[PDB]
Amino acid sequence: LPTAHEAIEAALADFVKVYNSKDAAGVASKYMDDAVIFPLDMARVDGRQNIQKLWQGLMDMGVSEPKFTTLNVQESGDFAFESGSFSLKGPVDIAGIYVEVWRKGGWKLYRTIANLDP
């Protein structure tokens, strides 16, 4: 049987592929339009337009090799709840942990909360 864990790993594999193609609109299309990203102790990023700008900004400054490790996923109603970790390479390691909620749009990101390691 298929698990939500496996479905979310597949969605994030595609996320990474689209990021590496420098397609920020493509990345942003994997979010709900009213999605929000809350990087702790930093400014919240609200809505798909601003989320596109975030990922575009990371592309432009040369951030590369995103890796997302899905640690736990549960499914409930139209939603998937995920714990994971992330690392990216910047011109240095950019790494941390997140929880996020996906909604069946195909799974799409709705809420992300993330912390960058101190």
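Numbering starts at 1 and follows the sequence shown.
Task: Sequence continuity check, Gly105 and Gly106 (deposited residues unmodelled) - done: 1 to 3 residues are missing.
Q. None, 1 to 3, 4 to 9, or 10 or more: how many residues of the deposited sequence lack coordinates between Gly77 and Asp78?
A. Gap between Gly77 and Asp78: none, chain continuous.
Mean CA temperature factor from the deposited coordinates, higher in 82-90 or in 38-46? Looking at the record's C-alpha B-factors, the answer is 38-46.
*Do the CA atoms of 19-27 or those of 92-100 have the higher mean B-factor in the entry?*
Here the higher of the two C-alpha B-factor means belongs to 92-100.
- Just grab whichever of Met32, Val63, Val73, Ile51 has the top CA B-factor as deposited. When the deposited C-alpha B-factors of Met32, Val63, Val73, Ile51 are compared, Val63 is largest.
Among modelled residues of the same chain, the CA temperature factor third for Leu116 = Top third by C-alpha B-factor.
| Among the modelled residues of its chain, does the C-alpha B-factor of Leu1 lie in the lowest, middle or highest third? | Highest third of the chain for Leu1's C-alpha B-factor.
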